[PDB]
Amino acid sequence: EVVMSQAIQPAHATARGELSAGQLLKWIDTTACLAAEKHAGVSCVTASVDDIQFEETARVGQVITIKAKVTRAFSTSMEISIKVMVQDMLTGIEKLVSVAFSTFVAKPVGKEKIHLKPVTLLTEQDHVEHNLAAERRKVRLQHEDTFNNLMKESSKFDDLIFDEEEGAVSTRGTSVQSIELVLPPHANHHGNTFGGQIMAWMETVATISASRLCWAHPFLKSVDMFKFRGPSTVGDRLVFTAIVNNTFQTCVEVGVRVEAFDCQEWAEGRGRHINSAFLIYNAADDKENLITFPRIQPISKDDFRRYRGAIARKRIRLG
(Lines of atoms letter the chains of each structure in order from A and count residues from 1; the text may use other names and numbers.)
(Lines give C-alpha, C1' and ligand atoms only; values in the text may rest on other atoms or scores of the structure.)
Protein backbone atom coordinates (compact mmCIF):
# COMPACT_ATOMS: atom_id res chain seq x y z
CA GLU A 1 0.00 0.00 0.00
CA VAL A 2 2.28 2.82 1.22
CA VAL A 3 5.83 2.98 -0.22
CA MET A 4 8.74 5.18 0.89
CA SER A 5 12.15 5.27 -0.83
CA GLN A 6 15.13 7.02 0.77
CA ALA A 7 18.66 7.29 -0.55
CA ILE A 8 21.09 7.05 2.35
CA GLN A 9 23.10 10.30 2.46
CA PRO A 10 25.82 11.50 4.80
CA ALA A 11 23.06 13.38 6.70
CA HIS A 12 21.49 10.04 7.76
CA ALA A 13 24.77 8.36 8.47
CA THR A 14 26.99 7.61 11.42
CA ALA A 15 30.72 8.11 11.78
CA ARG A 16 31.26 4.84 9.90
CA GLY A 17 29.13 5.67 6.86
CA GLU A 18 26.29 3.42 8.00
CA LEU A 19 22.62 4.37 8.18
CA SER A 20 21.65 5.51 11.66
CA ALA A 21 19.33 2.86 13.09
CA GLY A 22 17.35 5.64 14.74
CA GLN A 23 16.84 7.30 11.38
CA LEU A 24 15.55 3.98 10.00
CA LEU A 25 13.15 3.58 12.93
CA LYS A 26 11.78 7.09 12.23
CA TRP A 27 11.24 6.22 8.55
CA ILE A 28 9.56 2.90 9.34
CA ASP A 29 7.20 4.63 11.74
CA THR A 30 6.34 7.40 9.28
CA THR A 31 5.49 4.90 6.53
CA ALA A 32 3.48 2.80 8.98
CA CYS A 33 1.58 5.85 10.27
CA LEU A 34 0.69 6.84 6.72
CA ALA A 35 -0.65 3.32 6.07
CA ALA A 36 -2.78 3.59 9.23
CA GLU A 37 -4.08 7.05 8.28
CA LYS A 38 -4.89 5.90 4.74
CA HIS A 39 -7.24 3.39 6.32
CA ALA A 40 -8.59 5.61 9.16
CA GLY A 41 -8.87 8.99 7.48
CA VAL A 42 -7.98 10.73 10.73
CA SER A 43 -4.66 11.29 12.47
CA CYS A 44 -3.07 8.18 14.00
CA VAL A 45 -0.36 7.77 16.66
CA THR A 46 2.03 4.91 17.42
CA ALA A 47 0.49 2.67 20.10
CA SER A 48 3.20 -0.02 20.09
CA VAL A 49 5.91 -1.64 18.06
CA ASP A 50 6.60 -5.40 17.84
CA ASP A 51 10.04 -7.02 17.98
CA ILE A 52 12.11 -5.64 15.13
CA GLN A 53 15.28 -7.27 13.94
CA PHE A 54 17.73 -5.81 11.45
CA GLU A 55 19.22 -8.34 9.00
CA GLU A 56 21.60 -5.90 7.28
CA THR A 57 23.16 -2.56 8.10
CA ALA A 58 22.56 -0.22 5.15
CA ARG A 59 25.31 2.16 4.00
CA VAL A 60 25.64 5.68 2.58
CA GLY A 61 24.94 5.42 -1.15
CA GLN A 62 22.32 2.69 -0.91
CA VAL A 63 18.56 3.06 -1.22
CA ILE A 64 16.07 2.00 1.46
CA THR A 65 12.57 0.97 0.37
CA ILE A 66 9.79 0.66 2.94
CA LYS A 67 6.36 -0.88 2.27
CA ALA A 68 3.62 -0.75 4.92
CA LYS A 69 0.08 -2.08 4.86
CA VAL A 70 -2.87 -2.27 7.25
CA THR A 71 -3.36 -6.01 7.93
CA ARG A 72 -6.38 -5.67 10.27
CA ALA A 73 -8.40 -2.91 11.89
CA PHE A 74 -9.96 -3.48 15.30
CA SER A 75 -11.97 -0.86 17.16
CA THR A 76 -9.67 2.17 17.45
CA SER A 77 -6.44 0.41 16.68
CA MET A 78 -4.95 -1.20 13.63
CA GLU A 79 -2.03 -3.56 12.99
CA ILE A 80 0.45 -2.41 10.35
CA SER A 81 2.93 -4.75 8.72
CA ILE A 82 6.19 -3.29 7.37
CA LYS A 83 8.89 -4.65 5.06
CA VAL A 84 12.27 -2.93 4.59
CA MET A 85 14.55 -3.73 1.62
CA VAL A 86 17.95 -2.22 0.84
CA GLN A 87 19.38 -1.91 -2.64
CA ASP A 88 23.02 -1.37 -3.47
CA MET A 89 23.19 1.23 -6.23
CA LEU A 90 26.43 -0.10 -7.76
CA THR A 91 25.62 -3.82 -7.93
CA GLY A 92 21.84 -3.45 -8.14
CA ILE A 93 21.51 -6.17 -5.48
CA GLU A 94 18.55 -6.04 -3.03
CA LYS A 95 18.51 -7.58 0.48
CA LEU A 96 15.87 -7.89 3.20
CA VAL A 97 16.59 -5.55 6.12
CA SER A 98 13.61 -6.16 8.31
CA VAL A 99 10.04 -7.47 8.49
CA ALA A 100 8.04 -5.85 11.30
CA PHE A 101 4.69 -5.03 12.88
CA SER A 102 3.51 -1.81 14.49
CA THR A 103 0.15 -0.92 16.05
CA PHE A 104 -1.46 2.48 15.47
CA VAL A 105 -4.40 4.11 17.25
CA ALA A 106 -6.75 6.59 15.53
CA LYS A 107 -6.97 9.94 17.32
CA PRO A 108 -10.20 11.64 16.19
CA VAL A 109 -11.00 15.25 16.91
CA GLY A 110 -12.21 15.79 19.38
CA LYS A 111 -15.38 14.26 20.84
CA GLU A 112 -16.24 12.09 17.84
CA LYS A 113 -15.84 8.31 18.06
CA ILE A 114 -14.02 6.70 15.13
CA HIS A 115 -15.44 3.92 12.99
CA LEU A 116 -12.72 1.76 11.49
CA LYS A 117 -13.73 -0.01 8.25
CA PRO A 118 -13.03 -3.73 7.74
CA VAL A 119 -9.73 -4.18 5.91
CA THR A 120 -10.26 -5.46 2.36
CA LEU A 121 -9.31 -9.14 2.06
CA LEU A 122 -8.28 -10.44 -1.38
CA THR A 123 -5.41 -12.94 -1.49
CA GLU A 124 -4.87 -16.04 0.63
CA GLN A 125 -2.20 -14.14 2.58
CA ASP A 126 -4.57 -11.22 3.23
CA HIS A 127 -6.91 -13.67 4.95
CA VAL A 128 -4.10 -15.45 6.80
CA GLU A 129 -2.61 -12.16 8.02
CA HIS A 130 -6.05 -11.05 9.19
CA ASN A 131 -6.21 -14.10 11.47
CA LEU A 132 -2.58 -13.84 12.55
CA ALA A 133 -3.22 -10.24 13.60
CA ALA A 134 -5.62 -11.42 16.33
CA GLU A 135 -2.90 -13.79 17.60
CA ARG A 136 -0.13 -11.16 17.39
CA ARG A 137 -2.46 -8.84 19.30
CA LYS A 138 -2.66 -11.42 22.10
CA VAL A 139 1.14 -11.55 22.37
CA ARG A 140 1.24 -7.70 22.49
CA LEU A 141 -1.31 -7.59 25.30
CA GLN A 142 0.24 -10.43 27.40
CA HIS A 143 3.84 -9.17 26.97
CA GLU A 144 4.20 -7.21 30.21
CA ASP A 145 2.92 -10.15 32.26
CA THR A 146 4.94 -12.76 30.39
CA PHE A 147 8.10 -10.89 31.36
CA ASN A 148 6.95 -10.14 34.93
CA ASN A 149 6.37 -13.88 35.40
CA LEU A 150 9.78 -14.94 34.04
CA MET A 151 11.28 -12.54 36.52
CA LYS A 152 9.68 -14.57 39.36
CA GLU A 153 11.80 -17.56 38.28
CA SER A 154 15.06 -15.54 38.37
CA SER A 155 17.28 -15.45 41.51
CA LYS A 156 16.33 -12.14 43.27
CA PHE A 157 19.42 -12.89 45.40
CA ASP A 158 22.07 -10.23 44.83
CA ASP A 159 25.03 -12.42 45.89
CA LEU A 160 26.35 -13.06 42.35
CA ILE A 161 30.10 -12.38 42.09
CA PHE A 162 32.34 -13.25 39.14
CA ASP A 163 35.94 -14.38 39.66
CA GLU A 164 38.73 -11.83 39.36
CA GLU A 165 40.05 -13.66 36.28
CA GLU A 166 36.62 -13.49 34.68
CA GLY A 167 37.35 -9.82 33.89
CA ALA A 168 33.80 -8.67 34.55
CA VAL A 169 33.16 -4.91 34.51
CA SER A 170 30.48 -2.68 35.96
CA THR A 171 27.93 -0.91 33.80
CA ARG A 172 28.33 2.34 35.75
CA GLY A 173 30.49 4.11 33.15
CA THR A 174 28.03 3.24 30.37
CA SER A 175 25.06 5.28 31.63
CA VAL A 176 23.98 8.11 29.36
CA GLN A 177 21.54 10.96 29.77
CA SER A 178 20.18 13.31 27.20
CA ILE A 179 17.27 15.61 26.61
CA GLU A 180 15.24 16.75 23.61
CA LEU A 181 12.80 19.59 23.25
CA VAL A 182 9.75 18.54 21.19
CA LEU A 183 9.36 21.03 18.28
CA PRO A 184 6.64 21.28 15.55
CA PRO A 185 8.55 19.05 13.03
CA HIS A 186 8.56 16.35 15.73
CA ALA A 187 4.79 16.12 15.95
CA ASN A 188 1.77 15.70 13.64
CA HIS A 189 -0.44 18.70 12.84
CA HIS A 190 -2.43 18.12 16.05
CA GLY A 191 0.76 18.55 18.06
CA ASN A 192 1.17 14.87 19.00
CA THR A 193 4.79 13.74 19.11
CA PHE A 194 5.64 11.14 16.44
CA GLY A 195 6.58 7.78 17.92
CA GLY A 196 9.25 7.44 15.26
CA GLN A 197 10.89 10.60 16.53
CA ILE A 198 11.05 9.21 20.04
CA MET A 199 12.56 5.99 18.65
CA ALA A 200 15.25 7.86 16.70
CA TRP A 201 16.25 9.81 19.82
CA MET A 202 16.11 6.61 21.98
CA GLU A 203 18.49 4.78 19.66
CA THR A 204 21.00 7.62 19.49
CA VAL A 205 21.29 7.68 23.28
CA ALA A 206 21.41 3.88 23.44
CA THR A 207 24.24 3.56 20.95
CA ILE A 208 26.40 5.94 23.02
CA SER A 209 25.83 3.60 25.97
CA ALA A 210 26.99 0.56 23.94
CA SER A 211 30.01 2.58 22.77
CA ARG A 212 31.07 3.27 26.37
CA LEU A 213 31.40 -0.46 26.96
CA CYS A 214 33.40 -1.64 23.96
CA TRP A 215 35.01 1.55 22.61
CA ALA A 216 34.26 0.25 19.10
CA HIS A 217 31.55 0.68 16.48
CA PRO A 218 28.09 -0.49 17.58
CA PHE A 219 25.37 -1.46 15.15
CA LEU A 220 21.79 -2.16 16.13
CA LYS A 221 20.64 -5.74 15.91
CA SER A 222 17.12 -5.45 17.36
CA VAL A 223 14.62 -3.61 19.52
CA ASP A 224 12.15 -5.50 21.70
CA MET A 225 8.41 -5.15 21.37
CA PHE A 226 7.32 -2.14 23.49
CA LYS A 227 4.34 0.10 24.21
CA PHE A 228 3.87 3.87 24.15
CA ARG A 229 2.23 4.34 27.55
CA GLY A 230 0.88 7.85 27.01
CA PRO A 231 0.79 10.89 24.67
CA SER A 232 3.49 13.52 24.11
CA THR A 233 2.92 16.98 22.57
CA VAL A 234 4.89 19.93 21.15
CA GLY A 235 6.63 21.73 24.01
CA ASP A 236 7.44 18.60 26.00
CA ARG A 237 10.98 17.92 27.07
CA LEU A 238 11.85 14.25 26.67
CA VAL A 239 14.53 13.03 29.10
CA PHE A 240 16.38 9.88 27.99
CA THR A 241 18.29 7.56 30.31
CA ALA A 242 20.19 4.57 28.99
CA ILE A 243 22.61 2.02 30.40
CA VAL A 244 24.03 -1.38 29.47
CA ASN A 245 21.93 -4.07 31.16
CA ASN A 246 23.86 -7.23 30.29
CA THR A 247 26.16 -8.85 27.76
CA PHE A 248 25.92 -12.15 25.94
CA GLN A 249 29.18 -12.67 24.00
CA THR A 250 28.75 -10.64 20.80
CA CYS A 251 25.49 -8.98 21.95
CA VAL A 252 24.99 -6.24 24.55
CA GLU A 253 21.59 -5.13 25.83
CA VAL A 254 21.06 -1.39 26.33
CA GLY A 255 17.88 -0.28 28.05
CA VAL A 256 16.50 3.20 27.58
CA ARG A 257 13.84 5.06 29.52
CA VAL A 258 11.87 8.06 28.19
CA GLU A 259 10.11 10.59 30.45
CA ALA A 260 8.05 13.54 29.21
CA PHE A 261 7.55 16.89 30.98
CA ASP A 262 5.59 19.94 29.87
CA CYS A 263 7.04 23.30 30.96
CA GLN A 264 5.03 23.22 34.21
CA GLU A 265 5.74 19.55 35.04
CA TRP A 266 9.39 20.19 34.20
CA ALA A 267 9.74 22.85 36.91
CA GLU A 268 7.65 20.81 39.36
CA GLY A 269 9.74 17.66 38.86
CA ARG A 270 6.78 15.42 38.01
CA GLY A 271 7.01 13.78 34.58
CA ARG A 272 5.20 11.06 32.62
CA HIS A 273 6.87 7.76 31.64
CA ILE A 274 6.39 7.55 27.83
CA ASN A 275 8.14 4.23 27.19
CA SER A 276 11.08 2.06 27.93
CA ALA A 277 12.84 0.00 25.33
CA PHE A 278 15.56 -2.60 25.14
CA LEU A 279 18.00 -2.60 22.26
CA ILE A 280 20.53 -5.29 21.38
CA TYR A 281 23.79 -4.14 19.76
CA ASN A 282 26.74 -5.87 18.15
CA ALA A 283 29.97 -4.01 17.48
CA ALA A 284 32.88 -4.31 15.04
CA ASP A 285 36.55 -3.33 15.36
CA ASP A 286 38.48 -1.32 12.75
CA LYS A 287 39.44 -4.52 10.90
CA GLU A 288 35.65 -5.24 10.78
CA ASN A 289 35.68 -8.17 13.24
CA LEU A 290 32.83 -8.81 15.68
CA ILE A 291 33.72 -7.65 19.19
CA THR A 292 33.18 -9.91 22.19
CA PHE A 293 31.84 -7.84 25.08
CA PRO A 294 33.17 -8.37 28.61
CA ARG A 295 31.14 -10.16 31.24
CA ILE A 296 29.00 -7.80 33.30
CA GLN A 297 29.30 -7.54 37.08
CA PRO A 298 26.11 -6.16 38.68
CA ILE A 299 26.67 -4.13 41.84
CA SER A 300 23.54 -2.12 42.79
CA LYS A 301 19.99 -3.39 43.34
CA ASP A 302 19.17 -1.78 39.95
CA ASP A 303 22.20 -3.42 38.31
CA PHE A 304 20.91 -6.84 39.32
CA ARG A 305 17.30 -6.31 38.26
CA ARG A 306 18.53 -5.29 34.80
CA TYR A 307 21.00 -8.17 34.61
CA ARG A 308 18.09 -10.58 35.24
CA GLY A 309 15.84 -8.46 33.00
CA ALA A 310 18.11 -8.80 29.97
CA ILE A 311 18.13 -12.55 30.58
CA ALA A 312 14.33 -12.79 30.82
CA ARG A 313 14.02 -10.70 27.66
CA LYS A 314 16.61 -12.88 25.85
CA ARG A 315 14.76 -16.05 26.74
CA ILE A 316 11.42 -14.57 25.64
CA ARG A 317 13.15 -13.73 22.31
CA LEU A 318 14.79 -17.14 21.63
CA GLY A 319 11.43 -18.85 22.20
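All residue numbers refer to positions in the sequence shown, first residue = 1.
Between the stretches 144-152 and 81-89, it is 144-152 that shows the larger average CA temperature factor. For the two regions 108-116 and 193-201, the entry's Cα B-factors average higher over 108-116.
For the set 65, 276, 31, 264, the maximum C-alpha B-factor listed in the entry falls on 264. Per the PDB entry, 16 shows the highest C-alpha temperature factor of the residues 12, 308, 295, 16. Residue 270 sits in the highest third of its chain by CA B factor, as recorded in the PDB entry. Sorting the modelled residues of the chain by their CA temperature factor places residue 284 in the highest third.
For residue 237, the recorded CA B-factor ranks within the middle third of the chain. Only modelled residues enter the ranking. Annotation for residue 243: C-alpha temperature factor in the lowest third relative to the rest of the modelled chain, per the entry. In the deposited entry, the Cα temperature factor of residue 52 places it in the middle third of its chain's modelled residues.
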